[PDB]
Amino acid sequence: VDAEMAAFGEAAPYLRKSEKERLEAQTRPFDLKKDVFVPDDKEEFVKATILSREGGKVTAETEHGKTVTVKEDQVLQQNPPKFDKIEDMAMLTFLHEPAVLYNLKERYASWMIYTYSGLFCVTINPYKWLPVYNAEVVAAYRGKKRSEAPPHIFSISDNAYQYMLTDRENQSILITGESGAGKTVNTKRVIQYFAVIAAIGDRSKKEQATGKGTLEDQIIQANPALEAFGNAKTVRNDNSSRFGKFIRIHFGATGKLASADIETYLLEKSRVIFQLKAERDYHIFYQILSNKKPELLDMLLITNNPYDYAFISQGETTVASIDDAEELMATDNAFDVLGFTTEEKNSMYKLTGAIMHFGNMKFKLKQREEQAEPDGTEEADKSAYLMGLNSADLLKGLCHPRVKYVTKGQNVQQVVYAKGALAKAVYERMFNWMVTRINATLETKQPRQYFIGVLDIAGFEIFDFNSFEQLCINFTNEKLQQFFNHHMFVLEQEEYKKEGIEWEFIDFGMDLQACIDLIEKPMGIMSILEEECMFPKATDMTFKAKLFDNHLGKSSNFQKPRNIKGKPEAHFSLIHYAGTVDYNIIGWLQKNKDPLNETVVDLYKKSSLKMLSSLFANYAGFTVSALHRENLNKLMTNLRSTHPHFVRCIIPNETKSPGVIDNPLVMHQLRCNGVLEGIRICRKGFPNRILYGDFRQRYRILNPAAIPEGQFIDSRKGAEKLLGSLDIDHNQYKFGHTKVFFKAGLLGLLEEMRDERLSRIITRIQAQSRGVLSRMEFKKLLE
């Protein structure tokens, strides 16, 4: 451990390797013209050493000793060993797909999980707890700029906080990635960091002030509360967030923690009543059934068996990493810290128990009839009791709903669907209420001045089956990528203006506009879904037909579903920034409308349980896409008032294996998360830029005559002379006030020319050195 790393303690090797360790790992033979990257069917890309280049095809020997033949265009250059495990990838000579993949996976192999890539903080999930989040590390990140310490999430947290105080403005930390990538882990670390370092504001107790301890305590206790009702075990993650969240942490004057507010998005309602074979329902159900608080089983009139409840036992019931008993303790504790009353807590538990009994109420067809009737009443009795309703009125309302004096008729499928739709609406309204309630407690007397918004939302991912839910999240990520692209565009435009470079290009955010316009603009995909929802005679085919007639010709980003044997049914395909997605339109009209049995809803409005009547008090019937559009506009307006910071979470493999990287999976994520996108948009400008002084010190060897040896000389003129003299493309560079601006690749050539020259000069030094040895064995022969 070097002196620069002593402050980091136990964390030091997980953050930066020692100079000794670096030089020893970097000492390997390297030929800038033989050592390359070649494509691979299984590994995406492999390192290789060239042998022959006969007839437009290169023949090379890969790592793993295999001999291959590939097209000349398909070969990519390696970055020299000097560049191994680099901290900021924007500094690499070659910035292509395998250059990014290898730098990240080589750091990961060394248990260094954080890397920069321009503005992005890239993190790969270690599946092992590393000693990098302790108080000793917090202390070592305090007040340091990004370049003053190795990559870490604490650098993002500390700099956002410092920028807020220095630049007097709001900040945002945008954390995306797939399920199991690490968003929750990093969101928690960012929030704990702010609670540890924020100044203390006015702590004097307000009139309607609820909760235990400090605002620091309360902000942190919000996560176990939201996790019980919003988190679930999925194939990808044992503790998957099934909702998107934006937490704005408000700071008064001088970084004084003032208040906090949470906004939730696209909660997976379908999970309440349905589970895939290898998945569980929300944590809360198994937390209650643990029998850690036995008074709860007695209160919800439930057994201790998940298999007795049809809504929660369709897949899995137990999790390896989760102790549900300990988790119920933590959930109940969070509610008390957050100031929820005994009534509020018991009401949430009762409404959760009621949902369980709802899925157990059976229905049968009346003899010689297509009308349903109850097949038992015990489970409906238990439900109505908990929900503060009348058993018979509930069952009558479900079988015989009243519509626009006309009493409708329901079959067994229709009632089963309606009770499930009702169970999901209660659950969603209770979750939204809980977020509203938590927001009421996260308040102090300290006036609000600035905020740091932490956004934790699923990244852009292409699945086998992509429906409405996927279009909603993919649409969100399109807008978010455009926000990254516009930010980078402004930074670049500001740099070229300052250095006086006459570069002209359209905002990099405009590159995502056509897709956004296709989704959100009038007569677009959302506008058509909303329009088709207003007609009761409409079907999935009427909607599909509208999309095709309106966009299958004048909308490029719209196209026919590229259906293939393997992947399920698709109705159309969309051209997003991260690739092409195949959408299936079945049920979108019903999903968007969310129809509820309004005869049962009127019963909910008249309930003796205060919570139930409060949740449906403002219920209206006769959209999801309209609510999503509104919430996204509100988020974007908040983000556009901030200085943003971007965190990219990468899942290394599908087996929760520490230290293992699956190359195609990591590549798919790089193509979808903005990392490669940011390289693309920067490639349009001048990605490489060197100071005149530093260029003169490195590239004078190319033509020392152009920069004559002097005690005093103007470096801009000298660099201008040297580049102009070389057999190079003189349109591949521009002159700035303090720096030379280069197009991508130009520097890869200037270094190739440099090593070709240094090898030629050493050869001439050796040939001149041979001359003095020859003249010394001649001055001895003559004398």
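Just count from 1 along the sequence shown to find any residue number.
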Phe622-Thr623 interval: deposited residues absent from the model: 10 or more
Gap between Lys404 and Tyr405, counted in deposited residues with no coordinates, falls in the class 4 to 9
For the stretches 270-278 and 593-601, which has the higher mean C-alpha B-factor as given in the deposited record? 593-601
For the stretches 670-678 and 577-585, which has the higher mean C-alpha B-factor as given in the deposited record? 577-585
From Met534, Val132, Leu351, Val122, the top C-alpha temperature factor is at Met534
Using only the C-alpha B-factors in the record, can you name which of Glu326, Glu72, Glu520, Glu178 has the highest? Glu72
Using the B-factors in the PDB entry, rank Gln697's C-alpha atom against the chain and give the third, lowest, middle or highest. highest
Split the chain's modelled residues into thirds by Cα B-factor; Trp503 lands in the highest
Which third, lowest, middle or highest, does the CA B-factor of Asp298 fall in along this chain? middle
According to the PDB entry, is the CA B factor of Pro126 in the bottom, middle or top third of its chain, that is, lowest, middle or highest? lowest
Comparing against every modelled residue in the chain, figure out the third that the C-alpha B-factor of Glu316 lands in (lowest, middle or highest). middle
